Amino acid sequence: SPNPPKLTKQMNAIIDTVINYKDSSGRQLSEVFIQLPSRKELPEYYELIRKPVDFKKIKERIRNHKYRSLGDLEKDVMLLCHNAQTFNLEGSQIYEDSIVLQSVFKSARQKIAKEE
């Protein structure tokens, strides 16, 4: 069945929490993840990463009712972070940031879906 308006709003709330999240230094960790470089700019990315995704795309998929559940949303966010861990050097800031955004997501999903 179609997504209730509340579900769509929870999804945007979760993702806005992730995007707007700032660490204890005030850096918005999501910045580099918003939009992938194009296939022309970084063909190496697409050679490696089978299922590219960025936060622009996730926002698109919320808007267009493509996630059937908050579990589907989570899967796409875990994919984004997995792709970042796959492409970027272990221990780089981008790798480390992706780990944190996993947690931020799981925290936000709980807070938003359980009311709290």
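All residue numbers are counted from 1 along the displayed sequence. Basically, rigid core = biggest C-alpha set you can superpose within 1.5 Å across the two forms.
Participant: State which stretch is farther from the displayed form on average in 9 other deposited structures of this protein, 37-45 or 82-90, counting RMS CA distance after fitting on the rigid core.
Facilitator: Greater root mean square C-alpha distance in 9 other deposited structures of this protein: 37-45.
Participant: Could you tell me which of the two stretches, 50-58 or 23-31, has its Cα atoms lying farther from the shown structure in 9 other deposited structures of this protein after fitting on the rigid core?
Facilitator: It is 23-31 whose C-alphas lie farther from the shown form in 9 other deposited structures of this protein.
Participant: Please compare 26-34 with 56-64 and say which has the higher mean C-alpha temperature factor in the record.
Facilitator: Averaging CA B-factors over each stretch, the winner is 26-34.
Participant: Taking the recorded C-alpha temperature factors, which stretch has the higher mean, 76-84 or 40-48?
Facilitator: Comparing averages over the C-alpha atoms only gives 40-48.
Participant: Residue 93's Cα B-factor: lowest, middle or highest third of the chain?
Facilitator: Highest third - that is where residue 93 ends up once the chain's C-alpha B-factors are sorted.
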